[PDB]
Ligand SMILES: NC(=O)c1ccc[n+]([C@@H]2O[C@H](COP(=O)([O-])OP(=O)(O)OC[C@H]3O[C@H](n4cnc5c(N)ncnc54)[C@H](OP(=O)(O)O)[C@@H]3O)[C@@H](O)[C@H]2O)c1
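Just one chain is shown here, as structure tokens, and it is the form solved without the named molecule.
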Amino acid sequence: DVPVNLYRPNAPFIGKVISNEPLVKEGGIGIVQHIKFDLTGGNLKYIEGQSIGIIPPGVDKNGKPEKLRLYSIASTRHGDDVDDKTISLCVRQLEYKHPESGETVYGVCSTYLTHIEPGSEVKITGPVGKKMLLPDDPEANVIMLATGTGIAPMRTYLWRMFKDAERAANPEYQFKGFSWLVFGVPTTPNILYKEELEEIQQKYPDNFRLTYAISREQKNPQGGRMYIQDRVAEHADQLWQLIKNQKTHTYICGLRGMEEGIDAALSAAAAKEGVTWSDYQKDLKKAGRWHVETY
């Protein structure tokens, strides 16, 4: 029932860019763009929590054709316009240091995508992934630990839950559980979808809690810069008591390196009640209630 690999890299869907909008505001670090693709002409269908491949043009340094790169789908199954005609991505331009031969190195597929113009055609494959699916249970609790572009699966959950046009389009999914997003970025202009995240929390103050960890603007109790792991440490007992509910799911998305600090905090929380988190977490993983996708 879950759509997967409707398109494969030997014969990918040639979609077309509708829009390419900036998500990082003035005064922020880096470039993250919201890119929306036209899916008409084909049959790419997808749900929340899945990814797609994009194959960038050109060859590598060895002269071989470039391979696909996976990106978390940033839209619900219906697309941003709730017309079931498009798909959106949340793409950050990878750029890095001198000791990788040169000076600043720019990632192939990410630079391509963040600079791509409306009207351009793109090789799209997928969808893929069953690790990050949203439960159909409206009474489910959904904890969302995200940094940077790991917001993208979170945005698909939240939009389906809380957007007026989504509610009207999903008679069966009228969310009434609780959801809690801890979102980690370096500055306030780097809060992707800040306006819409905060508006969702205004409409649904009892069903959505939004928590930020902004490193360049906030210190943890030890005097260091604030990260997502610090906010989880700070709310560890609440987060543990939510996790004990049979209906509670937890999603972790973003660049790799966050999972350790999150675990040590929940380890100290669980231990208070004579539970070793790492084994309890094994059972949550088998139960399909502990979702992680870092990269």
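One-based numbering along the sequence shown.
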{"item": "Given 32-40 and 229-237, the range whose Cα B-factors average higher in the PDB entry", "value": "229-237"}
{"item": "Higher-scoring stretch by recorded Cα B factor average, 15-23 or 277-285", "value": "277-285"}
{"item": "Of the residues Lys176, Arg167, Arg216, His78, the one carrying the largest Cα B-factor as recorded", "value": "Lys176"}
{"item": "Per the PDB entry, maximal CA B factor within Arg69, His249, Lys244, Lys61", "value": "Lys61"}
{"item": "Third of the chain, ranked by Cα B-factor, where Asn207 sits", "value": "highest"}
{"item": "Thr104 - which third its CA temperature factor falls in, relative to the rest of the chain", "value": "highest"}
{"item": "Among modelled residues of the same chain, the CA temperature factor third for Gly148", "value": "lowest"}
{"item": "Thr114 - Cα temperature factor, lowest/middle/highest third of chain", "value": "middle"}
{"item": "Ranked C-alpha temperature factor of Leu192 among modelled chain residues, by third", "value": "middle"}
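Below: the form deposited with the named molecule bound, not depicted.
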property: Listed residue that, although the named molecule is not shown, lies within 4.5 Å of it in the deposited bound form (heavy atoms), from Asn207, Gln93, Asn170, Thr211; result: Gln93
property: The named molecule: the contacting residue among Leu145, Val185, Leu158, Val142 in the deposited bound form [heavy atom, 4.5 Å]; result: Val185
property: Close approach of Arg225 to the named molecule in the deposited bound form, 4.5 Å, heavy atom; result: yes
property: is_contact(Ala265, the named molecule) in the deposited bound form, heavy atom dist at most 4.5 Å; result: no
property: is_contact(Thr149, the named molecule) in the deposited bound form, heavy atom dist at most 4.5 Å; result: yes
property: Heavy atom of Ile124 within 4.5 Å of the named molecule in the deposited bound form; result: no
property: Options 134-142, 76-84, 212-220, 116-124; stretch whose heavy atom lies within 4.5 Å of the named molecule in the deposited bound form; result: 212-220
property: Residues in 5-38 close to the named molecule in the deposited bound form, defined by a heavy atom within 4.5 Å, in order; result: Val24, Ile29, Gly30, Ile31, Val32
